[PDB]
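Values below: every heavy atom of this structure, side chains too, minus hydrogens, waters and symmetry copies. Throughout, protein chains are lettered first and strands after them, A, B, ... in sequence-line order, and every chain is numbered starting at 1.
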Amino acid sequence: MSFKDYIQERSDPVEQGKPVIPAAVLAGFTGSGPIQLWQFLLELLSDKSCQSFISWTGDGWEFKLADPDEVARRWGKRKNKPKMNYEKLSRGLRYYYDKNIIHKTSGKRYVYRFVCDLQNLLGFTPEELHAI
DNA sequence: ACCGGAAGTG
DNA sequence: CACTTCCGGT
């Protein structure tokens, strides 16, 4: 059962102004518990009003933190960690490397790649998601 | 910027 | 476990 299948259970599978993949729902789906960093990044990447500071690149699930500081600010906010910065947030991303959640794109600045089979998990292909 | 150990929070 | 905080090194 994908996430796309999961959201059908909601009264509003996609609320008007809200993102397509809220981290809370995704946490509820995965059953992880509190919001995780890789889930928060998807929420922003599925939010049109966040395109400016974070956005998908061309191929697959590669994304770029255009403005790392604004991402780290919203991450601190969501986590109630006032002193959050990219230096610490990115250290959270490096812990995903050996866990195969996210990987660093070698050579590109602030560019990362989801590597946890998002096609199967979300139910959306890269192209289908990147339409919205 | 990016890395990954160490240790602390919860 | 999942970071958060800090660090010397690349």
Side-chain angles (χ1 to χ4, degrees), chain A residues 1-15 17 19-47 49-76 78-118 120-132:
Chain A
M1 183 182 67
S2 67
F3 178 81
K4 184 178 181 60
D5 300 330
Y6 183 77
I7 59 169
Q8 302 304 327
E9 301 180 6
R10 309 192 79 223
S11 182
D12 237 273
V14 180
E15 297 179 7
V20 186
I21 314 174
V25 180
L26 185 48
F29 181 65
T30 45
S32 56
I35 295 172
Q36 295 185 5
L37 176 54
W38 74 264
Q39 297 171 347
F40 166 79
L41 291 175
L42 265 182
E43 179 174 324
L44 303 187
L45 288 164
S46 62
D47 193 336
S49 64
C50 299
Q51 178 199 329
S52 61
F53 45 84
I54 186 171
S55 60
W56 298 106
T57 71
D59 59 317
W61 305 105
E62 182 187 87
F63 61 95
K64 184 166 183 168
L65 277 57
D67 180 17
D69 296 329
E70 177 61 16
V71 177
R73 187 192 70 82
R74 295 167 183 263
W75 176 230
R78 191 70 66 90
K79 203 79 185 300
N80 301 318
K81 283 288 186 171
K83 306 190 303 91
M84 179 53 61
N85 55 36
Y86 177 67
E87 279 67 41
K88 290 182 286 187
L89 182 155
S90 80
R91 182 65 187 88
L93 293 176
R94 295 200 284 284
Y95 268 136
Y96 284 147
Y97 294 172
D98 65 341
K99 286 176 62 176
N100 296 323
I101 300 295
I102 286 167
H103 280 164
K104 185 68 180 60
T105 307
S106 180
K108 300 184 178 179
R109 189 187 63 172
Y110 308 137
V111 175
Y112 292 85
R113 172 191 320 101
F114 285 100
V115 70
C116 51
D117 200 346
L118 245 49
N120 172 83
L121 202 287
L122 270 48
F124 303 99
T125 71
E127 295 73 13
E128 278 161 20
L129 205 316
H130 299 166
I132 325 168

(request) Under the ring-ring contact (aromatic ring centres under 6.0 Å, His included) rule, collect the residues that match up with A:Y86, sequence neighbours excluded. (result) A:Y110
(message) Let's see if you get this right: which residues in residues 102-110 of chain A place a heavy atom under 4.0 Å from DNA chain B?
(response) A:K104, A:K108, A:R109, A:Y110
(message) Taking any atom closer than 4.0 angstrom to a non-hydrogen atom of chain A, what span of DNA chain C does the protein reach, first nucleotide to last?
(response) C:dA2 to C:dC6
(message) Restricting to non-hydrogen atoms, name the atom on A:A66 and the atom on A:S52 that form the minimum distance, rounded to 0.1 Å.
(response) CB-O, 3.3 Å
(message) Using only atom types and a distance under 3.5 Å, with no angle test, would you say the side chain of A:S46 pairs donor to acceptor with the backbone of A:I21?
(response) yes
(request) Please round to the nearest 0.5 Å and tell me the distance separating atom CZ of A:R113 and atom CG of A:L118. (result) 13.0 Å
(message) One thing to verify: whether A:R91 and A:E87 come together as a salt bridge, which I'm taking to mean a side-chain N less than 4.0 angstrom from a carboxylate O.
(response) no
(message) For B:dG4 and A:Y97 - does any side-chain N or O of the residue sit under 4.0 Å from the phosphate oxygens OP1/OP2?
(response) no
(message) Counting only heavy atoms and a strict 4.0 angstrom limit, can you tell me which residues of residues 23-37 of chain A come near DNA chain B?
(response) none
Just the table, please: protein N/O against nucleotides 5-8 of chain B N/O, every pair under 3.5 Å.
| residue | atom | partner | partner atom | Å |
| --- | --- | --- | --- | --- |
| B:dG5 | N7 | A:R91 | NH2 | 2.7 |
| B:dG5 | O6 | A:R91 | NE | 2.8 |
| B:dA6 | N6 | A:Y95 | OH | 3.2 |
| B:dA7 | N6 | A:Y95 | OH | 3.3 |

(message) If you count every heavy atom of other residues, nucleotides or ligands that lies below 6.0 Å from A:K64 atom NZ, does the total exceed 12?
(response) no
(message) Once you measure the plane-to-plane angle for A:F63 and A:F114, does it fall in the parallel (<30°), tilted (30-60°) or perpendicular (>60°) bin?
(response) tilted
(request) Find the distance A:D98:CG to B:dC3:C1' and express it as a whole number of Å. (result) 13 Å
(request) First locate atom CD1 of A:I7, then atom CG of A:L26, and finally report the distance between them rounded to the nearest 0.5 Å. (result) 11.0 Å
(message) For A:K4, is there an ion pair with A:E128 - N to carboxylate O distance below 4.0 angstrom?
(response) no
(request) Please identify each residue that fulfils ring-ring contact (aromatic ring centres under 6.0 Å, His included) with A:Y95, with sequence neighbours left out. (result) none
(request) Identify, between A:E87 and A:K99, the residue whose nearest nucleotide on DNA chain C lies closer to the 5' end. (result) A:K99
(request) Verify, without hydrogens or angle tests, whether A:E43 (side chain) and A:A23 (backbone) share a donor-acceptor contact under 3.5 angstrom. (result) yes
(request) Whole angstrom is fine here: how far is it from CG in A:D67 over to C1' in B:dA1? (result) 15 Å
(request) Take the protein atom NZ of A:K64 and the nucleotide atom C1' of B:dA1, then report the distance between them rounded to whole Å. (result) 12 Å
